[PDB]
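Have a look at start_6.pdb; it's PDB, C-alpha atoms and all ligand atoms:
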ATOM      1  CA  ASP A   1     -32.190   4.168  10.306  1.00  0.00           C
ATOM      2  CA  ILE A   2     -28.904   6.073  10.066  1.00  0.00           C
ATOM      3  CA  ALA A   3     -29.693   8.650  12.762  1.00  0.00           C
ATOM      4  CA  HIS A   4     -30.542   5.818  15.174  1.00  0.00           C
ATOM      5  CA  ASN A   5     -27.472   3.745  14.257  1.00  0.00           C
ATOM      6  CA  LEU A   6     -25.180   6.735  14.801  1.00  0.00           C
ATOM      7  CA  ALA A   7     -26.697   7.106  18.278  1.00  0.00           C
ATOM      8  CA  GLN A   8     -26.148   3.433  19.086  1.00  0.00           C
ATOM      9  CA  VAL A   9     -22.527   3.452  17.913  1.00  0.00           C
ATOM     10  CA  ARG A  10     -21.673   6.635  19.808  1.00  0.00           C
ATOM     11  CA  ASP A  11     -23.251   5.055  22.916  1.00  0.00           C
ATOM     12  CA  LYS A  12     -21.009   1.971  22.575  1.00  0.00           C
ATOM     13  CA  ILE A  13     -17.925   4.163  22.167  1.00  0.00           C
ATOM     14  CA  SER A  14     -18.977   6.255  25.161  1.00  0.00           C
ATOM     15  CA  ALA A  15     -19.539   3.174  27.335  1.00  0.00           C
ATOM     16  CA  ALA A  16     -16.245   1.599  26.252  1.00  0.00           C
ATOM     17  CA  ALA A  17     -14.298   4.746  27.125  1.00  0.00           C
ATOM     18  CA  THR A  18     -15.938   5.193  30.530  1.00  0.00           C
ATOM     19  CA  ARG A  19     -15.380   1.579  31.609  1.00  0.00           C
ATOM     20  CA  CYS A  20     -11.617   1.846  31.077  1.00  0.00           C
ATOM     21  CA  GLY A  21     -11.341   5.307  32.615  1.00  0.00           C
ATOM     22  CA  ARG A  22     -11.110   7.487  29.525  1.00  0.00           C
ATOM     23  CA  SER A  23     -13.260  10.439  28.648  1.00  0.00           C
ATOM     24  CA  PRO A  24     -15.535   9.646  25.673  1.00  0.00           C
ATOM     25  CA  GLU A  25     -14.337  12.897  24.020  1.00  0.00           C
ATOM     26  CA  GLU A  26     -10.950  11.224  23.492  1.00  0.00           C
ATOM     27  CA  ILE A  27     -12.428   8.872  20.857  1.00  0.00           C
ATOM     28  CA  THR A  28     -13.255  10.211  17.392  1.00  0.00           C
ATOM     29  CA  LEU A  29     -15.898   8.295  15.459  1.00  0.00           C
ATOM     30  CA  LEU A  30     -14.934   8.046  11.776  1.00  0.00           C
ATOM     31  CA  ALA A  31     -18.061   7.165   9.781  1.00  0.00           C
ATOM     32  CA  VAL A  32     -16.886   4.965   6.890  1.00  0.00           C
ATOM     33  CA  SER A  33     -19.156   5.627   3.940  1.00  0.00           C
ATOM     34  CA  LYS A  34     -17.423   3.668   1.182  1.00  0.00           C
ATOM     35  CA  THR A  35     -19.919   2.050  -1.237  1.00  0.00           C
ATOM     36  CA  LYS A  36     -22.724   4.062   0.355  1.00  0.00           C
ATOM     37  CA  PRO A  37     -24.699   6.722  -1.561  1.00  0.00           C
ATOM     38  CA  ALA A  38     -24.385  10.448  -0.959  1.00  0.00           C
ATOM     39  CA  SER A  39     -28.002  10.492   0.238  1.00  0.00           C
ATOM     40  CA  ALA A  40     -26.925   8.242   3.121  1.00  0.00           C
ATOM     41  CA  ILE A  41     -23.989  10.494   4.000  1.00  0.00           C
ATOM     42  CA  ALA A  42     -26.470  13.388   3.863  1.00  0.00           C
ATOM     43  CA  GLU A  43     -28.556  11.615   6.516  1.00  0.00           C
ATOM     44  CA  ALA A  44     -25.497  11.163   8.702  1.00  0.00           C
ATOM     45  CA  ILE A  45     -24.737  14.852   8.233  1.00  0.00           C
ATOM     46  CA  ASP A  46     -28.280  15.901   9.151  1.00  0.00           C
ATOM     47  CA  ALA A  47     -27.635  13.936  12.381  1.00  0.00           C
ATOM     48  CA  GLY A  48     -24.422  15.724  13.378  1.00  0.00           C
ATOM     49  CA  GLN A  49     -21.795  13.384  11.868  1.00  0.00           C
ATOM     50  CA  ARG A  50     -18.864  15.355  10.465  1.00  0.00           C
ATOM     51  CA  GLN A  51     -15.905  13.030   9.796  1.00  0.00           C
ATOM     52  CA  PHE A  52     -16.316  10.535   6.948  1.00  0.00           C
ATOM     53  CA  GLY A  53     -13.856   7.932   5.631  1.00  0.00           C
ATOM     54  CA  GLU A  54     -13.688   6.781   2.019  1.00  0.00           C
ATOM     55  CA  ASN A  55     -11.597   4.111   0.303  1.00  0.00           C
ATOM     56  CA  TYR A  56     -11.827   4.776  -3.450  1.00  0.00           C
ATOM     57  CA  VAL A  57     -10.599   8.011  -4.951  1.00  0.00           C
ATOM     58  CA  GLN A  58     -13.196   8.920  -7.566  1.00  0.00           C
ATOM     59  CA  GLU A  59     -16.090   7.797  -5.359  1.00  0.00           C
ATOM     60  CA  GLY A  60     -14.786   9.955  -2.525  1.00  0.00           C
ATOM     61  CA  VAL A  61     -13.973  12.973  -4.699  1.00  0.00           C
ATOM     62  CA  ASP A  62     -17.476  12.951  -6.199  1.00  0.00           C
ATOM     63  CA  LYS A  63     -18.963  12.913  -2.701  1.00  0.00           C
ATOM     64  CA  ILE A  64     -16.673  15.730  -1.560  1.00  0.00           C
ATOM     65  CA  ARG A  65     -17.625  17.874  -4.538  1.00  0.00           C
ATOM     66  CA  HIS A  66     -21.318  17.094  -3.991  1.00  0.00           C
ATOM     67  CA  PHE A  67     -21.302  18.404  -0.425  1.00  0.00           C
ATOM     68  CA  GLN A  68     -19.074  21.348  -1.360  1.00  0.00           C
ATOM     69  CA  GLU A  69     -21.554  22.416  -4.033  1.00  0.00           C
ATOM     70  CA  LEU A  70     -24.355  22.167  -1.443  1.00  0.00           C
ATOM     71  CA  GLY A  71     -22.261  24.473   0.687  1.00  0.00           C
ATOM     72  CA  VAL A  72     -22.107  22.150   3.687  1.00  0.00           C
ATOM     73  CA  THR A  73     -19.335  23.523   5.891  1.00  0.00           C
ATOM     74  CA  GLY A  74     -17.498  21.532   8.448  1.00  0.00           C
ATOM     75  CA  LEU A  75     -16.789  17.981   7.292  1.00  0.00           C
ATOM     76  CA  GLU A  76     -13.446  16.230   7.458  1.00  0.00           C
ATOM     77  CA  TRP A  77     -12.864  13.686   4.706  1.00  0.00           C
ATOM     78  CA  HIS A  78     -10.400  10.852   5.391  1.00  0.00           C
ATOM     79  CA  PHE A  79      -8.907   8.717   2.645  1.00  0.00           C
ATOM     80  CA  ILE A  80      -8.491   5.305   4.241  1.00  0.00           C
ATOM     81  CA  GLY A  81      -7.962   3.040   1.212  1.00  0.00           C
ATOM     82  CA  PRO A  82      -4.687   2.058  -0.434  1.00  0.00           C
ATOM     83  CA  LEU A  83      -3.395   4.895  -2.574  1.00  0.00           C
ATOM     84  CA  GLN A  84      -1.813   4.244  -5.949  1.00  0.00           C
ATOM     85  CA  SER A  85       0.426   6.930  -7.400  1.00  0.00           C
ATOM     86  CA  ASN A  86      -1.697   7.633 -10.484  1.00  0.00           C
ATOM     87  CA  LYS A  87      -4.657   8.687  -8.313  1.00  0.00           C
ATOM     88  CA  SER A  88      -2.695  10.642  -5.694  1.00  0.00           C
ATOM     89  CA  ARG A  89      -3.357  14.090  -7.169  1.00  0.00           C
ATOM     90  CA  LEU A  90      -7.104  13.830  -6.611  1.00  0.00           C
ATOM     91  CA  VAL A  91      -6.433  12.884  -2.984  1.00  0.00           C
ATOM     92  CA  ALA A  92      -3.995  15.761  -2.449  1.00  0.00           C
ATOM     93  CA  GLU A  93      -6.483  18.240  -3.915  1.00  0.00           C
ATOM     94  CA  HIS A  94      -9.689  17.190  -2.119  1.00  0.00           C
ATOM     95  CA  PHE A  95      -9.094  15.179   1.062  1.00  0.00           C
ATOM     96  CA  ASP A  96      -8.405  16.429   4.597  1.00  0.00           C
ATOM     97  CA  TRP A  97      -6.768  13.282   5.978  1.00  0.00           C
ATOM     98  CA  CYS A  98      -5.042  10.210   4.568  1.00  0.00           C
ATOM     99  CA  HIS A  99      -4.455   7.228   6.846  1.00  0.00           C
ATOM    100  CA  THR A 100      -2.494   5.045   4.404  1.00  0.00           C
ATOM    101  CA  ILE A 101       1.003   6.523   4.091  1.00  0.00           C
ATOM    102  CA  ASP A 102       3.125   3.356   3.831  1.00  0.00           C
ATOM    103  CA  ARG A 103       6.002   4.484   1.576  1.00  0.00           C
ATOM    104  CA  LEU A 104       7.867   7.732   1.176  1.00  0.00           C
ATOM    105  CA  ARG A 105       7.114   8.202  -2.521  1.00  0.00           C
ATOM    106  CA  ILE A 106       3.324   8.346  -2.119  1.00  0.00           C
ATOM    107  CA  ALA A 107       3.855  10.951   0.614  1.00  0.00           C
ATOM    108  CA  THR A 108       6.103  13.166  -1.525  1.00  0.00           C
ATOM    109  CA  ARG A 109       3.650  12.939  -4.421  1.00  0.00           C
ATOM    110  CA  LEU A 110       0.833  14.034  -2.102  1.00  0.00           C
ATOM    111  CA  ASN A 111       3.042  16.819  -0.735  1.00  0.00           C
ATOM    112  CA  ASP A 112       3.924  18.014  -4.231  1.00  0.00           C
ATOM    113  CA  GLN A 113       0.379  17.948  -5.659  1.00  0.00           C
ATOM    114  CA  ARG A 114      -1.251  19.607  -2.638  1.00  0.00           C
ATOM    115  CA  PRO A 115      -2.141  23.235  -3.526  1.00  0.00           C
ATOM    116  CA  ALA A 116      -0.458  25.733  -1.217  1.00  0.00           C
ATOM    117  CA  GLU A 117      -3.742  27.475  -0.281  1.00  0.00           C
ATOM    118  CA  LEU A 118      -5.129  24.358   1.408  1.00  0.00           C
ATOM    119  CA  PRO A 119      -4.228  23.375   4.966  1.00  0.00           C
ATOM    120  CA  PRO A 120      -1.532  20.706   5.192  1.00  0.00           C
ATOM    121  CA  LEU A 121      -2.901  17.257   4.463  1.00  0.00           C
ATOM    122  CA  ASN A 122      -3.147  15.400   7.758  1.00  0.00           C
ATOM    123  CA  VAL A 123      -1.423  12.029   7.331  1.00  0.00           C
ATOM    124  CA  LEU A 124      -0.996   8.891   9.403  1.00  0.00           C
ATOM    125  CA  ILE A 125       1.627   6.241   8.730  1.00  0.00           C
ATOM    126  CA  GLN A 126      -0.033   2.846   8.292  1.00  0.00           C
ATOM    127  CA  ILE A 127       1.543  -0.020  10.235  1.00  0.00           C
ATOM    128  CA  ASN A 128       1.034  -3.611   9.175  1.00  0.00           C
ATOM    129  CA  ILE A 129       0.978  -4.761  12.775  1.00  0.00           C
ATOM    130  CA  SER A 130      -0.425  -8.293  12.569  1.00  0.00           C
ATOM    131  CA  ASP A 131      -1.500  -9.208   9.017  1.00  0.00           C
ATOM    132  CA  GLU A 132       0.455 -11.756   6.965  1.00  0.00           C
ATOM    133  CA  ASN A 133      -1.920 -11.500   4.011  1.00  0.00           C
ATOM    134  CA  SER A 134      -1.780  -7.708   3.476  1.00  0.00           C
ATOM    135  CA  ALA A 135       0.676  -5.845   1.284  1.00  0.00           C
ATOM    136  CA  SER A 136      -0.405  -2.595   3.010  1.00  0.00           C
ATOM    137  CA  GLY A 137       1.496  -0.820   5.768  1.00  0.00           C
ATOM    138  CA  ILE A 138       5.071  -0.882   6.996  1.00  0.00           C
ATOM    139  CA  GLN A 139       6.682  -2.944   9.726  1.00  0.00           C
ATOM    140  CA  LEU A 140       7.251  -1.145  13.034  1.00  0.00           C
ATOM    141  CA  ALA A 141      11.003  -1.433  12.461  1.00  0.00           C
ATOM    142  CA  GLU A 142      10.597   0.971   9.525  1.00  0.00           C
ATOM    143  CA  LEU A 143       8.574   3.580  11.419  1.00  0.00           C
ATOM    144  CA  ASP A 144      11.291   5.895  12.739  1.00  0.00           C
ATOM    145  CA  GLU A 145      12.868   6.298   9.301  1.00  0.00           C
ATOM    146  CA  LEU A 146       9.644   6.841   7.347  1.00  0.00           C
ATOM    147  CA  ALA A 147       8.279   9.215   9.988  1.00  0.00           C
ATOM    148  CA  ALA A 148      11.373  11.429   9.856  1.00  0.00           C
ATOM    149  CA  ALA A 149      11.268  11.682   6.056  1.00  0.00           C
ATOM    150  CA  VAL A 150       7.514  12.242   5.891  1.00  0.00           C
ATOM    151  CA  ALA A 151       7.542  14.821   8.687  1.00  0.00           C
ATOM    152  CA  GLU A 152       9.726  17.178   6.627  1.00  0.00           C
ATOM    153  CA  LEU A 153       7.161  17.429   3.819  1.00  0.00           C
ATOM    154  CA  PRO A 154       5.668  20.907   4.357  1.00  0.00           C
ATOM    155  CA  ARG A 155       2.270  20.347   2.693  1.00  0.00           C
ATOM    156  CA  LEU A 156       1.658  17.316   4.948  1.00  0.00           C
ATOM    157  CA  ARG A 157       1.272  17.031   8.697  1.00  0.00           C
ATOM    158  CA  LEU A 158       2.217  13.755  10.391  1.00  0.00           C
ATOM    159  CA  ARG A 159      -0.532  13.196  12.978  1.00  0.00           C
ATOM    160  CA  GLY A 160       0.062   9.627  14.119  1.00  0.00           C
ATOM    161  CA  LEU A 161      -0.568   6.044  13.053  1.00  0.00           C
ATOM    162  CA  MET A 162      -3.159   3.752  11.524  1.00  0.00           C
ATOM    163  CA  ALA A 163      -3.373  -0.005  11.430  1.00  0.00           C
ATOM    164  CA  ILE A 164      -5.784  -2.621  10.125  1.00  0.00           C
ATOM    165  CA  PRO A 165      -4.918  -5.613  12.325  1.00  0.00           C
ATOM    166  CA  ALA A 166      -5.494  -9.107  11.032  1.00  0.00           C
ATOM    167  CA  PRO A 167      -9.024 -10.315  11.865  1.00  0.00           C
ATOM    168  CA  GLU A 168      -9.018 -11.781  15.345  1.00  0.00           C
ATOM    169  CA  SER A 169     -11.786 -13.338  17.443  1.00  0.00           C
ATOM    170  CA  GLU A 170      -9.967 -13.506  20.798  1.00  0.00           C
ATOM    171  CA  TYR A 171     -10.351 -10.330  22.868  1.00  0.00           C
ATOM    172  CA  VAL A 172      -7.005 -11.078  24.533  1.00  0.00           C
ATOM    173  CA  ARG A 173      -5.232 -10.863  21.183  1.00  0.00           C
ATOM    174  CA  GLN A 174      -7.282  -7.884  19.994  1.00  0.00           C
ATOM    175  CA  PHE A 175      -5.959  -6.008  23.025  1.00  0.00           C
ATOM    176  CA  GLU A 176      -2.351  -7.180  22.794  1.00  0.00           C
ATOM    177  CA  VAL A 177      -2.096  -6.239  19.097  1.00  0.00           C
ATOM    178  CA  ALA A 178      -3.775  -2.882  19.730  1.00  0.00           C
ATOM    179  CA  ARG A 179      -1.465  -2.246  22.685  1.00  0.00           C
ATOM    180  CA  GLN A 180       1.506  -2.730  20.360  1.00  0.00           C
ATOM    181  CA  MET A 181       0.071   0.052  18.220  1.00  0.00           C
ATOM    182  CA  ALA A 182      -0.595   2.218  21.274  1.00  0.00           C
ATOM    183  CA  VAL A 183       2.994   1.748  22.478  1.00  0.00           C
ATOM    184  CA  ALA A 184       4.448   2.685  19.083  1.00  0.00           C
ATOM    185  CA  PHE A 185       2.058   5.664  19.056  1.00  0.00           C
ATOM    186  CA  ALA A 186       3.251   6.852  22.478  1.00  0.00           C
ATOM    187  CA  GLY A 187       6.903   6.446  21.499  1.00  0.00           C
ATOM    188  CA  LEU A 188       6.217   8.491  18.384  1.00  0.00           C
ATOM    189  CA  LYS A 189       4.527  11.144  20.537  1.00  0.00           C
ATOM    190  CA  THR A 190       7.575  11.824  22.720  1.00  0.00           C
ATOM    191  CA  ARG A 191       9.804  12.714  19.765  1.00  0.00           C
ATOM    192  CA  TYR A 192       7.398  14.303  17.244  1.00  0.00           C
ATOM    193  CA  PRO A 193       5.077  17.316  17.400  1.00  0.00           C
ATOM    194  CA  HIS A 194       1.274  17.142  17.148  1.00  0.00           C
ATOM    195  CA  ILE A 195       1.094  13.363  17.276  1.00  0.00           C
ATOM    196  CA  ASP A 196      -2.520  13.026  18.409  1.00  0.00           C
ATOM    197  CA  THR A 197      -4.227  10.396  16.213  1.00  0.00           C
ATOM    198  CA  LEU A 198      -4.224   6.606  16.582  1.00  0.00           C
ATOM    199  CA  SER A 199      -6.633   5.344  13.894  1.00  0.00           C
ATOM    200  CA  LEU A 200      -7.347   1.910  15.336  1.00  0.00           C
ATOM    201  CA  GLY A 201     -10.475  -0.164  15.797  1.00  0.00           C
ATOM    202  CA  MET A 202     -13.556  -1.283  13.902  1.00  0.00           C
ATOM    203  CA  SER A 203     -16.926  -2.681  15.042  1.00  0.00           C
ATOM    204  CA  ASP A 204     -15.637  -6.108  16.075  1.00  0.00           C
ATOM    205  CA  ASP A 205     -12.561  -5.026  18.083  1.00  0.00           C
ATOM    206  CA  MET A 206     -13.819  -1.595  19.162  1.00  0.00           C
ATOM    207  CA  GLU A 207     -13.611  -2.256  22.915  1.00  0.00           C
ATOM    208  CA  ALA A 208     -10.064  -3.629  22.926  1.00  0.00           C
ATOM    209  CA  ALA A 209      -8.864  -0.824  20.645  1.00  0.00           C
ATOM    210  CA  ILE A 210     -10.341   1.841  22.921  1.00  0.00           C
ATOM    211  CA  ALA A 211      -9.055   0.150  26.084  1.00  0.00           C
ATOM    212  CA  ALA A 212      -5.619  -0.080  24.449  1.00  0.00           C
ATOM    213  CA  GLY A 213      -5.502   3.626  23.684  1.00  0.00           C
ATOM    214  CA  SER A 214      -6.953   4.263  20.236  1.00  0.00           C
ATOM    215  CA  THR A 215      -8.107   7.825  19.507  1.00  0.00           C
ATOM    216  CA  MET A 216     -10.295   7.050  16.496  1.00  0.00           C
ATOM    217  CA  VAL A 217     -12.409   4.065  15.457  1.00  0.00           C
ATOM    218  CA  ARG A 218     -13.652   3.431  11.915  1.00  0.00           C
ATOM    219  CA  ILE A 219     -17.263   2.235  11.629  1.00  0.00           C
ATOM    220  CA  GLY A 220     -19.143   1.557   8.411  1.00  0.00           C
ATOM    221  CA  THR A 221     -21.763  -1.193   8.377  1.00  0.00           C
ATOM    222  CA  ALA A 222     -22.994  -0.613  11.935  1.00  0.00           C
ATOM    223  CA  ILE A 223     -23.818   2.951  10.833  1.00  0.00           C
ATOM    224  CA  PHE A 224     -25.001   2.630   7.241  1.00  0.00           C
ATOM    225  CA  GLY A 225     -26.211  -0.965   6.953  1.00  0.00           C
ATOM    226  CA  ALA A 226     -25.383  -3.747   4.539  1.00  0.00           C
TER     227      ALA A 226
HETATM  228  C1  LIG B 301     -14.497  -0.616   5.132  1.00  0.00           C
HETATM  229  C2  LIG B 301     -13.584  -0.125   6.216  1.00  0.00           C
HETATM  230  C3  LIG B 301     -14.046   0.132   7.510  1.00  0.00           C
HETATM  231  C4  LIG B 301     -15.492  -0.063   7.936  1.00  0.00           C
HETATM  232  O1  LIG B 301     -15.975  -1.365   7.638  1.00  0.00           O
HETATM  233  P1  LIG B 301     -17.237  -2.059   8.394  1.00  0.00           P
HETATM  234  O2  LIG B 301     -16.795  -3.388   8.946  1.00  0.00           O
HETATM  235  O3  LIG B 301     -18.374  -2.228   7.418  1.00  0.00           O
HETATM  236  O4  LIG B 301     -17.751  -1.176   9.518  1.00  0.00           O
HETATM  237  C5  LIG B 301     -13.150   0.591   8.464  1.00  0.00           C
HETATM  238  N1  LIG B 301     -11.822   0.782   8.152  1.00  0.00           N
HETATM  239  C6  LIG B 301     -11.364   0.535   6.877  1.00  0.00           C
HETATM  240  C7  LIG B 301      -9.919   0.739   6.530  1.00  0.00           C
HETATM  241  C8  LIG B 301     -12.241   0.078   5.905  1.00  0.00           C
HETATM  242  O5  LIG B 301     -11.760  -0.180   4.641  1.00  0.00           O
END

How would this structure read if it were set down as structure tokens?
Amino acid sequence: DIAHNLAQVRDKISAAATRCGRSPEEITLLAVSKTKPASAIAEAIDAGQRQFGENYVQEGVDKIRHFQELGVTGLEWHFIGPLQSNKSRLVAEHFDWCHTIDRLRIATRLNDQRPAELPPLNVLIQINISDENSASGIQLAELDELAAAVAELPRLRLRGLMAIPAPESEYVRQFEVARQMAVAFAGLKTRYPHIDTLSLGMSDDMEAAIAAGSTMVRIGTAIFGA
């Protein structure tokens, strides 16, 4: 039951924040609805969920159009999959956030294809913090340069960082890796304006990510099922 699962997940986030001294409000729950039907998103909506994350462009665009044509206001849609250049226009025209800026050229494409009447597209720069086997995300050594270039693009708004750490079973390492992201995120925050989003943490490392300083966790299966 989606309404019940949403309650259980929000309770875990709330408990995790309180234990480490943070206010639960600091943690945004991103409900990841990739591969799940619109009817399931509609249940999450009827239960108060507003921010949804999708990974595949046409799947996400169809969902966005569906809920626009029902007139459901609110809703923030986050593109959290890898973005290839020949599908960037659909993202720039329909999505509210994109977490996967990992090269300047995809950012400038998004900037250029974003209609001027929409709000700036909120973007995070994706760090490959700990994953040998991923071609996604930049190294931390590249952050300052990419952030400067991206932050000039006027139809985008650089809001912080995202990372998908390598899968890790040890809590100690979950926290250390996440802390590395939190540190980079703080250092970014001193120099840049409106840095407020660390997209970090899924079901299995949720506690360490929150304790480390994440502002947003991405939960799919624990909400929608398998
Ligand atoms: C699929 C996905 C999630 C959610 O996955 P679950 O383990 O099913 O909760 C979170 N973040 C990203 C980037 C994803 O692709």

Selection as a list in words: residues within 6 Å of ligand LIG 301 (chain B) by all atoms listed in the file: residues 32, 80, 202, 203, 218, 219, 220, 221 and 222 of chain A

Residues matched by the PyMOL selection byres (((chain A and resi 149) around 12) and not hetatm), written as a list in words: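 Going through the file, the PyMOL selection byres (((chain A and resi 149) around 12) and not hetatm) ends up selecting residues 101, 102, 103, 104, 105, 106, 107, 108, 111, 125, 142, 143, 144, 145, 146, 147, 148, 150, 151, 152, 153, 154, 156, 157 and 158 of chain A.
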
Give me, as a tab-separated table (two decimals) with C-alpha atoms, in the coordinates of the input, all polymer residues having an atom no more than 7 Å from segment 84-98 of chain A, counting all atoms listed in the file and skipping those fewer than 2 positions away in the same chain.
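See part_38.tsv below for the written result:
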chain	number	residue	atom	x	y	z
A	57	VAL	CA	-10.60	8.01	-4.95
A	61	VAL	CA	-13.97	12.97	-4.70
A	76	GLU	CA	-13.45	16.23	7.46
A	77	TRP	CA	-12.86	13.69	4.71
A	78	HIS	CA	-10.40	10.85	5.39
A	79	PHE	CA	-8.91	8.72	2.64
A	80	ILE	CA	-8.49	5.30	4.24
A	82	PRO	CA	-4.69	2.06	-0.43
A	100	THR	CA	-2.49	5.04	4.40
A	106	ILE	CA	3.32	8.35	-2.12
A	109	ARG	CA	3.65	12.94	-4.42
A	110	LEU	CA	0.83	14.03	-2.10
A	113	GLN	CA	0.38	17.95	-5.66
A	114	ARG	CA	-1.25	19.61	-2.64
A	115	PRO	CA	-2.14	23.24	-3.53
A	121	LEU	CA	-2.90	17.26	4.46
A	122	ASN	CA	-3.15	15.40	7.76
A	123	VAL	CA	-1.42	12.03	7.33
A	124	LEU	CA	-1.00	8.89	9.40

Expansion of the PyMOL selection byres (((chain A and resi 200) around 12) and not hetatm) into residues, as a PyMOL selection string: chain A and resi 27-30+80+99+124-129+160-166+174-175+177-182+185+197-199+201-219

Which residue of A:48, A:137, A:120, A:24 approaches residue 73 of chain A most closely, using all atoms listed in the file: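 Checking each candidate against residue 73 of chain A, we get A:48 as the closest.
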
Computed interatomic separation between atom CA of residue 50 of chain A and atom CA of residue 74 of chain A (Å): 6.6 Å

Interatomic distance, atom CA of residue 35 of chain A to atom CA of residue 68 of chain A (Å, one decimal):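 Calculated distance between atom CA of residue 35 of chain A and atom CA of residue 68 of chain A is 19.3 Å.
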
Expansion of the PyMOL selection byres (((chain A and resi 224) around 10) and not hetatm) into residues, as a PyMOL selection string: chain A and resi 1-3+5-6+31-37+40-41+43-44+219-223+225-226

For atom CA of residue 42 of chain A and atom CA of residue 67 of chain A, the interatomic separation in Å (one decimal): 8.4 Å
